[PDB]
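Each answer follows from the model by the rule given with it, or from the source it names; nothing here is a laboratory result. In this analysis, Cβ positions are derived from the backbone assuming ideal geometry, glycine residues included, and neighbour counts consider all displayed protein chains.
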Amino acid sequence: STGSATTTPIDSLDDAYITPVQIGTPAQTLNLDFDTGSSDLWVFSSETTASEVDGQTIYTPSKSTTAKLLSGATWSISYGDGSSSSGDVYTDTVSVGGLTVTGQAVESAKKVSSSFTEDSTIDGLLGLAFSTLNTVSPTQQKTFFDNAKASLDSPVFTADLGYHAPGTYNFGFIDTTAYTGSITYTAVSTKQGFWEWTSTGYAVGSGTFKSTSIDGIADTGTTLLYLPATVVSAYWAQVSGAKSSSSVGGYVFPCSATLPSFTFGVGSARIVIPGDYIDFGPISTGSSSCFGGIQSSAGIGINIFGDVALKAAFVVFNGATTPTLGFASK
Ligand SMILES: CNCc1cc([N+](=O)[O-])ccc1Cl
């Protein structure tokens, strides 16, 4: 089997991407944030505290003839940005782009933190990291991809995120028309439950490539590119007037600037992020200070190849017995 679904930016900045997901019978379609940095499929629901729902579409398990309470199971997750959610668990039929999993754990939110409530466009998350990170207790549950894998034509999914435009998540096949050149594959460590890999270096603009190992995670659920402070300082030093602002929480730059590109290495291959992908717009409405799309990972504890980086590539998440990651230009 295969599936193919379009993923759409939630706003004009590509702050996140949403993908429609069918849950239950008859189908209830919710727009979920596909997150290769976590492993829970959770949704706003008829059980979510009413004051914490503000425009989201909710899953109502009592209206699904295939929903069954997973007795005794609960979940609770905290994300790297300080947001959180928790609740109980149903199993139900879940379909993405024509690919159907029966018995998928659907984690129903009883509580969500304020940043989820305030984002009316995101109805939940669909985790695509390794199932060892799934938070369901006392019986840990499998991700949608892990449940689908045995049925897929090939045990892979691909992320093809757009810049200020829709893109595609495919399951079970590699669309050879969706990228240019060849796909370069690189080793993955699953020890932390992430799609963790090692970039071979970077360049700023037209500058020379610096060969240096940069461990980090491929995370579709993170907006920006978080890299070591040395790398980030070298990037922003090429932008007149750019500075790290403690009050804003990262590097800002004059909105009048033209940003240089940023290149990262994948083995001997190179992925070029155009400068415009690094512009996240005014820090507040009407400001001439703009927020940068490359930020320091110092204090996060891990480097994160988020959407800023991934949207410059066609990315293969190869879930074979020994997982690997593939990157191609596009
Ligand atoms: C932006 N804070 C909530 C949030 C977190 C994530 N996350 O992947 O951690 C995704 C979407 C939202 Cl709306």
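Here are some notes:
- With respect to being small (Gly, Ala, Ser) and not in a strand (DSSP E or B), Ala159 falls outside the description.
- Some residue of the range 79-88 being over 18 Å from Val43 (Cα atoms) and without any contact (Cβ under 8 Å) to a residue 24 or more places away in the chain: no
- Single residue of the range 1-28 satisfying the filter (part of a loop (DSSP other than H, G, I, E, B) and of a type in the set (S, T, N, Q)) that is nearest to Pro61 (Cα to Cα): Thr25
- Any hit, the range 174-183, residues being outside any helix (DSSP H, G or I) and either acidic (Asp, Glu) or buried (at least 21 other Cβ atoms within 10 Å of the Cβ) (or both): yes
- Test: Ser38 is without any contact (Cβ under 8 Å) to a residue 12 or more places away in the chain and within 19 Å of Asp219 (Cβ to Cβ): no
- Selection count where residues are in a loop (DSSP other than H, G, I, E, B) and surrounded by fewer than 23 Cβ atoms within 10 Å (Cβ to Cβ), scope the range 33-47: 2
- Condition check for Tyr163 on (1) among the hydroxyl-bearing types (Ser, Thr, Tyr); (2) in contact with a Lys or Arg (Cβ under 6 Å, 6 or more places away or on another chain); (3) assigned by CATH to the domain that holds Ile217: one failure, at (3).
- Taking the listed residues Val315, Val252, the one that is touching a residue at least 24 places away in the same chain (Cβ under 8 Å) and farther than 17 Å from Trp236 by Cβ is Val315, with no other qualifying.
- Residue within the range 79-94 that is within 16 Å of the ligand (Cβ to nearest atom), part of a strand (DSSP E or B), of a type outside the set (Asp, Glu) and within 19 Å of the chain's Cα centre (by Cα) present: yes
- A count restricted to the range 24-40 and to residues that are more than 13 Å from the ligand (Cβ to nearest atom) and either within 12 Å of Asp123 (Cα to Cα) or polar (S, T, N, Q) (or both) stands at 4.
- Among (1) within 12 Å of the ligand (Cβ to nearest atom); (2) more than 29 Å from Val316 (Cβ to Cβ); (3) outside any loop (DSSP other than H, G, I, E, B) - the single one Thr74 does not satisfy: (1)
- The listed residue being at negative phi, touching a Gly at 6+ places or on another chain (Cβ under 8 Å) and loosely packed, with under 15 Cβ neighbours inside 10 Å, out of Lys63, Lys68: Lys63
- Some residue of the range 5-16 being closer than 25 Å to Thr158 by Cβ, crowded, with 17+ Cβ neighbours inside 10 Å and more than 16 Å from the ligand (Cβ to nearest atom): yes
- Checking the stated criteria, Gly193 turns out to be in contact (Cβ under 8 Å) with a residue 60 or more places away in the chain and touching a helix residue (DSSP H, G or I) at 6+ places or on another chain (Cβ under 8 Å).
- Count of residues meeting criterion [more than 8 Å from the ligand (Cβ to nearest atom) and buried (at least 21 other Cβ atoms within 10 Å of the Cβ)] in the range 96-123: 11
- For the range 253-303, a tally of residues being in a helix (DSSP H, G or I) and either out of contact with any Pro (no Cβ under 9 Å at 6 or more places or on another chain) or assigned by CATH to the domain that holds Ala165 (or both) returns 2.
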